[PDB]
Amino acid sequence: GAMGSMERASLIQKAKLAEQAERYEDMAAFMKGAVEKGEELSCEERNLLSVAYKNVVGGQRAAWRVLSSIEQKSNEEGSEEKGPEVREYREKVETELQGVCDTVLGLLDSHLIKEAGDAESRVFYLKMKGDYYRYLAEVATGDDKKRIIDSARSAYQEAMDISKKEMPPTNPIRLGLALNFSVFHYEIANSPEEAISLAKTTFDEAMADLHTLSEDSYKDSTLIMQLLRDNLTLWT
Amino acid sequence: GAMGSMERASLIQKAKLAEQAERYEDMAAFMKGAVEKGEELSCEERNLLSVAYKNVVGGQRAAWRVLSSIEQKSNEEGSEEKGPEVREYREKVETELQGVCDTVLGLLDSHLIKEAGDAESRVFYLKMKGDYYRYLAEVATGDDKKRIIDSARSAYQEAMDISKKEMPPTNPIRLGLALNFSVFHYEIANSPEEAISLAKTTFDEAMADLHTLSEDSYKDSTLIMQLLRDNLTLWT
Amino acid sequence: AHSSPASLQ
Amino acid sequence: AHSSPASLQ
Ligand SMILES: [Cl-]
Ligand SMILES: [Cl-]
Ligand SMILES: [Mg+2]
Ligand SMILES: [Mg+2]
Ligand code: NA
Ligand code: NA
Ligand code: NA
Ligand code: NA
């Protein structure tokens, strides 16, 4: 790897600089290099890894959606033929997106998840695994679509089982996991009722635990709770 | 070049798709491929080329400014030593910026400018040449700084001479050229009075020619005139 | 729909 | 200071 010669601490320092500069591709390459040093990641480092790749794939997902919409319009009745270019370029963006998802899933499999024993790290990584299979599912169309969806579901479910046993209902990782599993149900698995039920139960159980929290933890938890509420308002 | 096998028309079509998707690196690669087909560019194609590379270098310039500011703070009295990482990463971004500028200047030199005979194309390209030397000047510090600055000045001056002889004072290319030469004077050449004089004369001569214009041309011209006014308000 | 922020405390 | 838009008619 091109980062093999750089110190772990230098990679982390540069990842933070890249974040400040909004250079998320650089940030992701630095954090990939840090992961490949083979040591477990701290909480802050796990968050840097996620921020970097979420922003990279986020740009690709937004582009893919624009191109897919153009492609779908080109396939309506009355639309003039324009040749293979729209499909080709959508496929180019899609392949690059898939490559990023595969890179992240590779890092989680070699060897972040197997070395993660504490609930906060293990749930974070399993959530990430569900998320990047979900992003793969958003563009999947062929024989592997069902297996991609089930890989996302399985990762989220393992994370949910751990989070319910080991974390308080207000924990931001537990909340963000439930939020994203609910989005998976609604947008990927054609299960809007499950999505709504999960969002509601998650929100209500967090509400009843807010009284235990400091001012700062309250702000962290309520920020994610508002996203659950926003989704429920959209879906109901 | 990786675009050598793709039809010119397909490259232009994909450049427009990449613009819609905000995939400006892709857009620039497509337009570079189109330029390398060896045919002159139409007005629309010249604008696609400029949009693509302006957005690419724009992200690099913004990142460079963030990193340069961090680096300068690290060199104040009382600042703790943090090692070579900030300088290294600033240099990485700077080298990538320089590479993009060199690519653009290479396209203009081989062979866009020499084949451009009409004032609208020749002025547009010479303006671009001044602009990308100006971006090089923004990061230049060593023995080549003076020669980079003079290369920007020379390109802008040749463009100005043609635009004053061949274009009306309201022409958007002429206006944008004058705007950017004024920014060159203020920000690069340490000549704020020349910058202010150029912006004022340019604005006043355009104002006196607006009466000749259609509604749509009036809107094009006044949009650039407002930027001259905005700069004068900042500088005076 | 909104998904989670990347950074979670 | 503001510089020119990239696209110029
Ligand atoms: Cl393509
Ligand atoms: Cl670096
Ligand atoms: Mg616990
Ligand atoms: Mg004329
Ligand atoms: Na060190
Ligand atoms: Na076509
Ligand atoms: Na064709
Ligand atoms: Na250091």
# chains A, B, ... in the order shown; residues from 1 in each chain; ligands from 1
call {"tool": "closest_atom_pairs", "arguments": {"of": "chain B", "to": "ligand 6", "cutoff": "8 Å", "atoms": "only C-alpha atoms and all ligand atoms", "output": "tab-separated table"}}
result
residue	atom	partner	partner_atom_place_in_ligand_line	distance
B:9	CA	ligand 6	1 (Na)	7.0
B:10	CA	ligand 6	1 (Na)	5.6
B:13	CA	ligand 6	1 (Na)	6.9
call {"tool": "residues_near_ligand", "arguments": {"ligand": "ligand 7", "cutoff": "10 Å", "atoms": "only C-alpha atoms and all ligand atoms", "output": "ChimeraX atom specification"}}
result
/A:82-85 /B:6-11
call {"tool": "write_last_selection", "arguments": {"atoms": "N, CA and C atoms", "output": "compact mmCIF listing (two decimals), in the first residue's frame"}}
result
# COMPACT_ATOMS: atom_id res chain seq x y z
N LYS A 82 -30.16 8.25 -27.65
CA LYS A 82 -28.94 9.02 -27.50
C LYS A 82 -27.68 8.16 -27.48
N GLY A 83 -27.82 6.84 -27.60
CA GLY A 83 -26.67 5.97 -27.62
C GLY A 83 -26.35 5.42 -26.25
N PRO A 84 -25.20 4.77 -26.13
CA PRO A 84 -24.85 4.06 -24.90
C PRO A 84 -24.23 4.92 -23.81
N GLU A 85 -24.05 6.22 -24.03
CA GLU A 85 -23.19 7.02 -23.15
C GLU A 85 -23.75 7.11 -21.73
N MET B 6 -12.43 6.84 -27.21
CA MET B 6 -13.81 7.29 -27.14
C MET B 6 -14.06 8.38 -28.17
N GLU B 7 -15.22 8.31 -28.82
CA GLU B 7 -15.61 9.32 -29.80
C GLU B 7 -15.63 10.72 -29.19
N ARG B 8 -15.22 11.71 -30.00
CA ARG B 8 -15.28 13.10 -29.53
C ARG B 8 -16.67 13.46 -29.03
N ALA B 9 -17.72 13.11 -29.79
CA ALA B 9 -19.07 13.49 -29.39
C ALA B 9 -19.48 12.81 -28.10
N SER B 10 -19.04 11.57 -27.88
CA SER B 10 -19.33 10.86 -26.64
C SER B 10 -18.64 11.50 -25.45
N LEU B 11 -17.40 11.97 -25.64
CA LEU B 11 -16.68 12.68 -24.59
C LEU B 11 -17.43 13.94 -24.18
call {"tool": "residues_around", "arguments": {"residues": "region 3-9 of chain D", "least_positions_apart": "3", "cutoff": "10 Å", "atoms": "only C-alpha atoms", "output": "number ranges by chain"}}
result
B: 43-55, 120, 124, 128, 131, 171-184, 217, 220-221, 223-224, 227-228, 231
call {"tool": "write_last_selection", "arguments": {"atoms": "N, CA, C and O atoms", "output": "short mmCIF file (atom, residue, chain, number, x, y, z; two decimals), in the first residue's frame"}}
result
data_model
loop_
_atom_site.label_atom_id
_atom_site.label_comp_id
_atom_site.auth_asym_id
_atom_site.auth_seq_id
_atom_site.Cartn_x
_atom_site.Cartn_y
_atom_site.Cartn_z
N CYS B 43 -17.90 27.31 -28.85
CA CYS B 43 -18.08 28.14 -27.67
C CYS B 43 -18.57 27.32 -26.48
O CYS B 43 -18.02 27.41 -25.36
N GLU B 44 -19.58 26.48 -26.71
CA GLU B 44 -20.11 25.65 -25.63
C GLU B 44 -19.04 24.71 -25.11
O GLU B 44 -18.94 24.51 -23.90
N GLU B 45 -18.23 24.14 -25.99
CA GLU B 45 -17.20 23.20 -25.57
C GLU B 45 -16.09 23.89 -24.78
O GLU B 45 -15.57 23.32 -23.80
N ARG B 46 -15.73 25.10 -25.19
CA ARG B 46 -14.73 25.87 -24.46
C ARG B 46 -15.24 26.14 -23.06
O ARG B 46 -14.48 26.04 -22.08
N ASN B 47 -16.52 26.47 -22.94
CA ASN B 47 -17.09 26.69 -21.61
C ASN B 47 -17.11 25.41 -20.79
O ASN B 47 -16.86 25.46 -19.58
N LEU B 48 -17.37 24.25 -21.40
CA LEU B 48 -17.30 23.01 -20.64
C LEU B 48 -15.90 22.76 -20.11
O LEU B 48 -15.71 22.29 -18.98
N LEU B 49 -14.89 22.99 -20.96
CA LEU B 49 -13.51 22.79 -20.55
C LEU B 49 -13.18 23.66 -19.36
O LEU B 49 -12.61 23.20 -18.37
N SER B 50 -13.57 24.93 -19.41
CA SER B 50 -13.27 25.85 -18.34
C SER B 50 -14.02 25.51 -17.06
O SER B 50 -13.43 25.49 -15.97
N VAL B 51 -15.31 25.18 -17.17
CA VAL B 51 -16.09 24.79 -16.00
C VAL B 51 -15.43 23.59 -15.30
O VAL B 51 -15.29 23.57 -14.06
N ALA B 52 -15.00 22.61 -16.08
CA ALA B 52 -14.46 21.39 -15.49
C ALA B 52 -13.20 21.70 -14.70
O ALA B 52 -13.10 21.40 -13.49
N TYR B 53 -12.23 22.34 -15.34
CA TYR B 53 -10.95 22.57 -14.68
C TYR B 53 -11.06 23.66 -13.62
O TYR B 53 -10.40 23.55 -12.59
N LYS B 54 -11.94 24.64 -13.79
CA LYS B 54 -12.11 25.62 -12.73
C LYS B 54 -12.60 24.97 -11.43
O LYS B 54 -12.16 25.34 -10.33
N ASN B 55 -13.52 24.00 -11.52
CA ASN B 55 -14.01 23.34 -10.33
C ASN B 55 -12.97 22.42 -9.73
O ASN B 55 -12.87 22.31 -8.51
N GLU B 120 -13.24 35.74 -30.05
CA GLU B 120 -13.92 35.11 -28.92
C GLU B 120 -13.16 33.89 -28.40
O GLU B 120 -13.03 33.70 -27.19
N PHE B 124 -10.67 34.02 -24.99
CA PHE B 124 -11.03 33.05 -23.96
C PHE B 124 -9.83 32.21 -23.56
O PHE B 124 -9.59 31.98 -22.36
N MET B 128 -7.72 32.12 -20.05
CA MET B 128 -7.45 30.88 -19.32
C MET B 128 -5.97 30.73 -19.00
O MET B 128 -5.62 30.32 -17.89
N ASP B 131 -5.19 32.92 -16.17
CA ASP B 131 -5.81 32.39 -14.96
C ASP B 131 -4.98 31.26 -14.36
O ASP B 131 -4.76 31.23 -13.15
N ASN B 171 -19.07 42.60 -23.80
CA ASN B 171 -18.91 41.18 -24.06
C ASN B 171 -18.50 40.44 -22.79
O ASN B 171 -17.56 40.86 -22.12
N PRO B 172 -19.22 39.37 -22.40
CA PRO B 172 -18.88 38.69 -21.14
C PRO B 172 -17.45 38.16 -21.07
O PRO B 172 -16.88 38.14 -19.98
N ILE B 173 -16.88 37.72 -22.19
CA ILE B 173 -15.50 37.26 -22.15
C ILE B 173 -14.57 38.43 -21.85
O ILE B 173 -13.66 38.34 -21.03
N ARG B 174 -14.77 39.55 -22.55
CA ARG B 174 -13.99 40.75 -22.28
C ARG B 174 -14.14 41.21 -20.84
O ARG B 174 -13.15 41.52 -20.18
N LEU B 175 -15.37 41.17 -20.30
CA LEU B 175 -15.61 41.57 -18.92
C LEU B 175 -14.95 40.63 -17.93
O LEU B 175 -14.35 41.07 -16.95
N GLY B 176 -15.09 39.33 -18.14
CA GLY B 176 -14.47 38.38 -17.23
C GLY B 176 -12.97 38.42 -17.26
O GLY B 176 -12.32 38.21 -16.22
N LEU B 177 -12.40 38.69 -18.45
CA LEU B 177 -10.97 38.89 -18.58
C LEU B 177 -10.53 40.08 -17.76
O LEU B 177 -9.59 40.00 -16.98
N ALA B 178 -11.21 41.21 -17.91
CA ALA B 178 -10.81 42.40 -17.18
C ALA B 178 -10.96 42.20 -15.68
O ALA B 178 -10.09 42.60 -14.90
N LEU B 179 -12.07 41.62 -15.26
CA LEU B 179 -12.26 41.23 -13.86
C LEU B 179 -11.07 40.45 -13.35
O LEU B 179 -10.50 40.77 -12.30
N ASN B 180 -10.66 39.41 -14.08
CA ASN B 180 -9.58 38.56 -13.56
C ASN B 180 -8.21 39.20 -13.64
O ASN B 180 -7.40 38.98 -12.75
N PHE B 181 -7.97 40.06 -14.64
CA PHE B 181 -6.71 40.82 -14.69
C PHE B 181 -6.68 41.80 -13.52
O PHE B 181 -5.63 41.98 -12.91
N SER B 182 -7.83 42.38 -13.15
CA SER B 182 -7.86 43.26 -11.99
C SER B 182 -7.55 42.49 -10.71
O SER B 182 -6.83 42.99 -9.84
N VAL B 183 -8.06 41.26 -10.58
CA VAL B 183 -7.75 40.43 -9.41
C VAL B 183 -6.28 40.08 -9.39
O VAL B 183 -5.62 40.14 -8.34
N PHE B 184 -5.72 39.76 -10.56
CA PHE B 184 -4.27 39.56 -10.69
C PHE B 184 -3.50 40.76 -10.15
O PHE B 184 -2.58 40.61 -9.35
N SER B 217 -28.71 39.42 -23.35
CA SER B 217 -27.33 39.87 -23.30
C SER B 217 -27.12 40.84 -22.14
O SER B 217 -26.09 40.80 -21.48
N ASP B 220 -26.53 38.76 -19.08
CA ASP B 220 -25.18 38.19 -19.08
C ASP B 220 -24.14 39.23 -18.66
O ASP B 220 -23.27 38.96 -17.82
N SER B 221 -24.20 40.41 -19.26
CA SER B 221 -23.19 41.45 -19.02
C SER B 221 -23.30 42.00 -17.60
O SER B 221 -22.29 42.21 -16.91
N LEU B 223 -24.33 40.61 -14.93
CA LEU B 223 -23.89 39.65 -13.92
C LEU B 223 -22.40 39.81 -13.66
O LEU B 223 -21.97 39.83 -12.50
N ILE B 224 -21.59 39.98 -14.71
CA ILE B 224 -20.15 40.17 -14.53
C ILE B 224 -19.85 41.56 -14.00
O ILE B 224 -18.93 41.75 -13.21
N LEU B 227 -19.85 41.75 -10.30
CA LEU B 227 -18.65 41.25 -9.65
C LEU B 227 -17.56 42.32 -9.61
O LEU B 227 -16.82 42.41 -8.62
N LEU B 228 -17.43 43.11 -10.70
CA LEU B 228 -16.52 44.26 -10.68
C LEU B 228 -16.92 45.22 -9.56
O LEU B 228 -16.08 45.69 -8.79
N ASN B 231 -16.05 43.86 -6.14
CA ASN B 231 -14.63 43.99 -5.84
C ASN B 231 -14.28 45.43 -5.48
O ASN B 231 -13.52 45.66 -4.54
#
call {"tool": "residues_near_ligand", "arguments": {"ligand": "ligand 3", "cutoff": "8 Å", "atoms": "only C-alpha atoms and all ligand atoms", "output": "list in words"}}
result
residues 119, 165, 166, 167 and 168 of chain A
call {"tool": "closest_residue", "arguments": {"among": "A:19, A:158, A:194, A:118", "to": "chain B", "atoms": "only C-alpha atoms"}}
result
A:19
call {"tool": "residues_near_ligand", "arguments": {"ligand": "ligand 1", "cutoff": "12 Å", "atoms": "only C-alpha atoms and all ligand atoms", "output": "PyMOL selection string"}}
result
(chain A and resi 67+84-96) or (chain B and resi 2-3+5-7+10-18+23+26-27+29-30+33)
call {"tool": "atom_distance", "arguments": {"atom1": "CA of residue 204 (chain B)", "atom2": "CA of residue 187 (chain B)"}}
result
22.2 Å
call {"tool": "closest_residue", "arguments": {"among": "B:213, B:31, B:234, B:105", "to": "chain D", "atoms": "only C-alpha atoms"}}
result
B:234
call {"tool": "residues_around", "arguments": {"residues": "region 145-155 of chain A", "least_positions_apart": "3", "cutoff": "12 Å", "atoms": "only C-alpha atoms", "output": "PyMOL selection string"}}
result
chain A and resi 98+101-102+105+108-109+113+122-142+158-162+177-178+180-185+187-190
call {"tool": "write_last_selection", "arguments": {"atoms": "C-alpha atoms", "output": "PDB file, in the first residue's frame"}}
result
ATOM      1  CA  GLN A  98     -18.781  -0.702  -5.604  1.00  0.00           C
ATOM      2  CA  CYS A 101     -17.763  -0.320  -0.646  1.00  0.00           C
ATOM      3  CA  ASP A 102     -15.605  -3.403  -1.271  1.00  0.00           C
ATOM      4  CA  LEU A 105     -15.896  -4.221   3.697  1.00  0.00           C
ATOM      5  CA  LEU A 108     -13.801  -4.644   8.302  1.00  0.00           C
ATOM      6  CA  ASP A 109     -13.152  -8.282   7.397  1.00  0.00           C
ATOM      7  CA  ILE A 113     -14.377  -6.903  13.265  1.00  0.00           C
ATOM      8  CA  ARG A 122     -17.940  -4.225  17.616  1.00  0.00           C
ATOM      9  CA  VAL A 123     -21.346  -2.557  17.162  1.00  0.00           C
ATOM     10  CA  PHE A 124     -19.778   0.393  15.301  1.00  0.00           C
ATOM     11  CA  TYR A 125     -18.008  -1.918  12.871  1.00  0.00           C
ATOM     12  CA  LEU A 126     -20.981  -4.234  12.338  1.00  0.00           C
ATOM     13  CA  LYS A 127     -23.144  -1.156  11.707  1.00  0.00           C
ATOM     14  CA  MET A 128     -20.581  -0.042   9.113  1.00  0.00           C
ATOM     15  CA  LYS A 129     -20.714  -3.482   7.505  1.00  0.00           C
ATOM     16  CA  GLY A 130     -24.510  -3.238   7.238  1.00  0.00           C
ATOM     17  CA  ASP A 131     -24.221   0.318   5.868  1.00  0.00           C
ATOM     18  CA  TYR A 132     -21.778  -0.548   3.061  1.00  0.00           C
ATOM     19  CA  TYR A 133     -23.750  -3.642   2.054  1.00  0.00           C
ATOM     20  CA  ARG A 134     -26.798  -1.326   2.039  1.00  0.00           C
ATOM     21  CA  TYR A 135     -24.984   1.059  -0.346  1.00  0.00           C
ATOM     22  CA  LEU A 136     -24.155  -1.929  -2.551  1.00  0.00           C
ATOM     23  CA  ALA A 137     -27.837  -2.905  -2.412  1.00  0.00           C
ATOM     24  CA  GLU A 138     -28.939   0.547  -3.585  1.00  0.00           C
ATOM     25  CA  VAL A 139     -27.312  -0.160  -6.970  1.00  0.00           C
ATOM     26  CA  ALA A 140     -27.763  -3.927  -7.175  1.00  0.00           C
ATOM     27  CA  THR A 141     -29.985  -5.410  -9.864  1.00  0.00           C
ATOM     28  CA  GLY A 142     -28.867  -8.938 -10.810  1.00  0.00           C
ATOM     29  CA  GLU A 158     -25.823  -8.955  14.872  1.00  0.00           C
ATOM     30  CA  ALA A 159     -25.089  -5.328  15.784  1.00  0.00           C
ATOM     31  CA  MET A 160     -28.620  -4.835  17.125  1.00  0.00           C
ATOM     32  CA  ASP A 161     -28.391  -7.959  19.296  1.00  0.00           C
ATOM     33  CA  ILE A 162     -25.150  -6.745  20.898  1.00  0.00           C
ATOM     34  CA  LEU A 177     -27.529   1.732  14.180  1.00  0.00           C
ATOM     35  CA  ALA A 178     -31.261   1.558  14.762  1.00  0.00           C
ATOM     36  CA  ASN A 180     -29.908   2.991   9.710  1.00  0.00           C
ATOM     37  CA  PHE A 181     -31.514  -0.453  10.136  1.00  0.00           C
ATOM     38  CA  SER A 182     -34.885   1.323   9.937  1.00  0.00           C
ATOM     39  CA  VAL A 183     -33.779   3.021   6.693  1.00  0.00           C
ATOM     40  CA  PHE A 184     -32.668  -0.392   5.423  1.00  0.00           C
ATOM     41  CA  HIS A 185     -36.141  -1.781   6.146  1.00  0.00           C
ATOM     42  CA  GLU A 187     -35.683   1.724   1.401  1.00  0.00           C
ATOM     43  CA  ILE A 188     -34.057  -1.661   0.714  1.00  0.00           C
ATOM     44  CA  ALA A 189     -36.130  -4.497   2.215  1.00  0.00           C
ATOM     45  CA  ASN A 190     -39.601  -3.241   1.188  1.00  0.00           C
TER      46      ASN A 190
END
call {"tool": "atom_distance", "arguments": {"atom1": "CA of residue 157 (chain B)", "atom2": "CA of residue 195 (chain B)"}}
result
13.5 Å
call {"tool": "interface_residues", "arguments": {"of": "chain B", "to": "chain A", "cutoff": "6 Å", "atoms": "only C-alpha atoms", "output": "ChimeraX atom specification"}}
result
/B:21,63,66
call {"tool": "write_last_selection", "arguments": {"atoms": "N, CA and C atoms", "output": "JSON list (two decimals), in the first residue's frame"}}
result
[["chain", "number", "residue", "atom", "x", "y", "z"],
["B", 21, "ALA", "N", -23.84, 15.67, -12.61],
["B", 21, "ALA", "CA", -23.56, 14.84, -11.45],
["B", 21, "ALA", "C", -22.54, 15.48, -10.51],
["B", 63, "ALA", "N", -8.48, 23.83, -0.50],
["B", 63, "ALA", "CA", -7.72, 22.96, 0.42],
["B", 63, "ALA", "C", -6.35, 23.54, 0.74],
["B", 66, "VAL", "N", -6.56, 26.28, 3.31],
["B", 66, "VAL", "CA", -6.78, 25.76, 4.66],
["B", 66, "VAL", "C", -5.47, 25.25, 5.24]]
call {"tool": "select_by_dssp", "arguments": {"residues": "chain A", "states": "helix (DSSP H, G or I)", "output": "PyMOL selection string"}}
result
chain A and resi 8-20+24-35+43-74+85-115+119-139+145-166+172-188+192-207+210-212+215-235
call {"tool": "residues_around", "arguments": {"residues": "residue 210 (chain A)", "least_positions_apart": "2", "cutoff": "9 Å", "atoms": "only C-alpha atoms", "output": "list in words"}}
result
residues 169, 170, 206, 207, 208, 212, 213, 214, 217, 218, 221 and 222 of chain A
call {"tool": "atom_distance", "arguments": {"atom1": "CA of residue 229 (chain B)", "atom2": "CA of residue 209 (chain B)"}}
result
16.5 Å
call {"tool": "decode", "arguments": {"residues": "region 51-69 of chain A", "atoms": "N, CA and C atoms", "output": "CSV table (one decimal), in the first residue's frame"}}
result
chain,number,residue,atom,x,y,z
A,51,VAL,N,-16.1,8.9,8.9
A,51,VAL,CA,-16.3,10.2,8.2
A,51,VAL,C,-15.7,10.2,6.8
A,52,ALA,N,-14.5,9.6,6.7
A,52,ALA,CA,-13.8,9.7,5.4
A,52,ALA,C,-14.6,8.9,4.4
A,53,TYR,N,-14.9,7.7,4.6
A,53,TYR,CA,-15.5,6.8,3.6
A,53,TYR,C,-17.0,7.2,3.4
A,54,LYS,N,-17.7,7.7,4.5
A,54,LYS,CA,-19.0,8.1,4.3
A,54,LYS,C,-19.1,9.3,3.3
A,55,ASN,N,-18.1,10.2,3.3
A,55,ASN,CA,-18.1,11.4,2.4
A,55,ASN,C,-17.7,10.9,1.0
A,56,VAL,N,-16.8,10.0,0.9
A,56,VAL,CA,-16.4,9.5,-0.4
A,56,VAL,C,-17.6,8.8,-1.1
A,57,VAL,N,-18.2,7.9,-0.4
A,57,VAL,CA,-19.3,7.1,-1.0
A,57,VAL,C,-20.5,8.1,-1.2
A,58,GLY,N,-20.6,9.1,-0.3
A,58,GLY,CA,-21.8,10.0,-0.4
A,58,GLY,C,-21.8,10.8,-1.7
A,59,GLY,N,-20.6,11.2,-2.2
A,59,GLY,CA,-20.5,11.8,-3.5
A,59,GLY,C,-20.8,10.9,-4.6
A,60,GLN,N,-20.4,9.7,-4.5
A,60,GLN,CA,-20.6,8.7,-5.5
A,60,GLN,C,-22.1,8.3,-5.6
A,61,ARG,N,-22.8,8.2,-4.4
A,61,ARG,CA,-24.2,7.9,-4.4
A,61,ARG,C,-25.0,9.0,-5.0
A,62,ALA,N,-24.6,10.2,-4.7
A,62,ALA,CA,-25.4,11.4,-5.2
A,62,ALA,C,-25.2,11.4,-6.7
A,63,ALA,N,-24.0,11.2,-7.2
A,63,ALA,CA,-23.8,11.1,-8.7
A,63,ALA,C,-24.6,10.0,-9.3
A,64,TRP,N,-24.5,8.8,-8.7
A,64,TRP,CA,-25.2,7.7,-9.3
A,64,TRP,C,-26.7,8.0,-9.4
A,65,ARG,N,-27.3,8.6,-8.4
A,65,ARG,CA,-28.7,8.9,-8.4
A,65,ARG,C,-29.1,9.9,-9.5
A,66,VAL,N,-28.2,10.9,-9.8
A,66,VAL,CA,-28.4,11.8,-10.9
A,66,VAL,C,-28.4,11.0,-12.2
A,67,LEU,N,-27.4,10.2,-12.4
A,67,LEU,CA,-27.2,9.5,-13.7
A,67,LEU,C,-28.3,8.5,-13.9
A,68,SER,N,-28.7,7.8,-12.8
A,68,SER,CA,-29.8,6.8,-12.9
A,68,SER,C,-31.1,7.4,-13.3
A,69,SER,N,-31.3,8.6,-12.8
A,69,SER,CA,-32.6,9.3,-13.1
A,69,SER,C,-32.6,9.7,-14.6
